[PDB]
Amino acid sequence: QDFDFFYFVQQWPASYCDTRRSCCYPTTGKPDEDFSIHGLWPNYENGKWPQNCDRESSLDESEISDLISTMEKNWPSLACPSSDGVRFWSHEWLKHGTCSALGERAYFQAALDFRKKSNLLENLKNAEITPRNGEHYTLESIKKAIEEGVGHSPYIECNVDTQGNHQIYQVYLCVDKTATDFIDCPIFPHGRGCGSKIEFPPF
């Protein structure tokens, strides 16, 4: 009951699909070449977080019916076998959404709204940071470009492609507990930060 803030986590689809993991496009076809939503996670300032707050509250698709087509494109599941994303959304809703104090519809609308508000791809483009092979960009340039359009610093999570290149994988931004506005992150994710120069791979 109650938490401190939300980590709003977006992902670069291309970086989930160029590793040794299996990646399958959603039953709706190849996803947009844009940052997608991974999740909206309630969190505590002490680094821990609540999860699975209502193991009885299953995902009611009727509450987000008119949002399904948008989510298939902005919150796709890239896991295999190819799915419609419902399993992925049900998982995020049960594990994290039930702990957000938000109704199911508000929770998913919130995620969609912040993905749009943060407008990562465009902000990067405005700084001449566009997808291409190889570790062509400085982490600093990427962080500031995002800071410019959001007004808050993001945390960048990097992984590695089959080539061994370090690439931008996920972008963390913090949202206030009422899911109204972006805020400065009280704390940043555990895992190791990125290298000084990283790859922003295309599909």
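From 1 onward, residues are counted along the sequence shown.
Chemist: Out of 6-14 and 190-198, which stretch has the higher average CA B-factor listed in the record?
Modeler: Going by the record's values, the stretch with the higher mean is 190-198.
Chemist: Give the stretch, out of 141-149 and 43-51, with the larger mean C-alpha temperature factor in the deposited entry.
Modeler: According to the PDB entry, the answer is 141-149.
Chemist: According to the Cα B-factor stored in this entry, which of the following is highest: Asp176, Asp34, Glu157, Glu61?
Modeler: Highest C-alpha B-factor among the listed residues goes to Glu61.
Chemist: What third of the chain does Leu102 rank in for C-alpha temperature factor, lowest, middle or highest?
Modeler: Ranked within chain, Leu102 CA B lands in the lowest tercile.
Chemist: Which third, lowest, middle or highest, does the C-alpha temperature factor of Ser65 belong to within its own chain?
Modeler: CA B-factor rank for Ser65: middle third.
Chemist: Against its chain's modelled residues, does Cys80's Cα B factor rank lowest, middle or highest third?
Modeler: Ranked within chain, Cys80 CA B lands in the highest tercile.
Chemist: Is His91 in the lowest, middle or highest third of its chain when residues are ranked by C-alpha B-factor?
Modeler: Lowest third, going by the recorded CA B-factors of the chain.
Chemist: According to the PDB entry, is the CA B factor of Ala111 in the bottom, middle or top third of its chain, that is, lowest, middle or highest?
Modeler: Ranked within chain, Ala111 CA B lands in the lowest tercile.
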